[PDB]
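Engineer: need a 3D model of the following:
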Amino acid sequence: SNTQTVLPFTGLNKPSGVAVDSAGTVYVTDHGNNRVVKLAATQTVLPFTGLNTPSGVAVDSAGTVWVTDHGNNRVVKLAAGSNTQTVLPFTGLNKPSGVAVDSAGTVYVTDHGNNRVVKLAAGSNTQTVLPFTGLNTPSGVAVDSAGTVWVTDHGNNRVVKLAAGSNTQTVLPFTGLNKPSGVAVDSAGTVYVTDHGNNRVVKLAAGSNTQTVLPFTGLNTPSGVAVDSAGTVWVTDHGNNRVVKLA
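Structural biologist: Residues are numbered from 1 along each chain as shown. Below, you will see the structure:
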């Protein structure tokens, strides 16, 4: 589509990240109000407590929600319907900026202050550090079925990926990025990036050597992106306190 729609969230303040689950429920981290809200396919506020500028959210097939609680250097999780949040046994995080979960329940976090990406396997209590190199203030992460990890390397204006069990980081052929802030990948392998400083969302179609600019209009400093099964793209339009979607 070429016409966006604005999602009917209310009272957002600098939304920072967005996730969509298999039933089309949209979750948003409302950075300026220290909360996470959700809209089923009238918003609901999830029962997190003591969040400090939440920066990213991910949701798995069971409906468990994970949030990077940036100002408290931690990752918190709510199981579906649960009333108590759990702090995950990550250690050493500094200003965590984003989170993604794969089909296996493995949790990946961009550890922005430490220029690294860390992961916690499902059923594991000990994190591992991924062998990215040269990151600077990584801002977002996405993971696909293959277990390939994509990261927006915000401080170097680039997007990098790491294949599963590999020592090989690939720089994706995006062009002219300015503080890329979020990344999403769809089942076809298409990669979508929010280009924060250029007020645009770009996309590298699977197989393509050059990026395409999605037809959003009016964005201001977009901060995060999620894609669903049907290729609908959701973007947190941070500067306008709103969330937009494009079919």
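
Engineer: how about residue 23, nearest residue that isn't a chain neighbour?
Structural biologist: Spatially, and ignoring its direct neighbours in sequence, residue 23 is nearest to residue 41 (6.2 Å; CB to CB, 6 or more residues apart in numbering). The C-beta positions use only the backbone N, C-alpha and C, and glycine is treated the same way.

Engineer: thinking that neighbour is in contact with residue 25, fair?
Structural biologist: Yes. Between residue 41 and residue 25 there is a contact at 6.3 Å, judged by CB atoms under 8 Å.

Engineer: these two: who's more crowded?
Structural biologist: residue 25 (16 against 8; other CB atoms under 10 Å).

Engineer: so the more buried one touches residue 40, yeah?
Structural biologist: Yes. Taking contacts as CB under 8 Å, residue 25 lies within contact range of residue 40: 5.1 Å.

Engineer: what residues are up against the residue nearest to residue 23?
Structural biologist: 23, 24, 25 (CB atoms under 8 Å, 6 or more residues apart in numbering).

Engineer: and the gap between the closest residue to the second one other than its chain neighbours and residue 7?
Structural biologist: Okay, so that is residue 24. Leaving aside its sequence neighbours, residue 24 sits nearest to residue 41 (CB to CB, 6+ apart; 3.7 Å). As for residue 41, its distance to residue 7 is 11 Å (criterion: CB to CB, to the nearest Å).

Engineer: again with residue 226
Structural biologist: Taking CB to CB, one finds residue 226 at 12 Å from residue 7.

Engineer: overlap in contacts, those two.
Structural biologist: Joint contacts of residue 226 and residue 7 (CB under 8 Å, 6+ apart) are 26, 234.

Engineer: settle it for me: which of the two has more neighbours?
Structural biologist: residue 226 (26 against 18).

Engineer: which stretch of helix or strand covers the more buried one?
Structural biologist: strand 224-227 (DSSP states H and E).

Engineer: who does the following helix or strand past that strand touch, helix- and strand-wise?
Structural biologist: Using DSSP H and E, the helix or strand that directly follows strand 224-227 along the chain is strand 233-237. With contacts defined as 3 or more CB pairs under 8 Å, 6 or more residues apart in numbering; DSSP states H and E, the packing partners of strand 233-237 are strand 15-20, strand 191-195, strand 224-227, strand 242-246.
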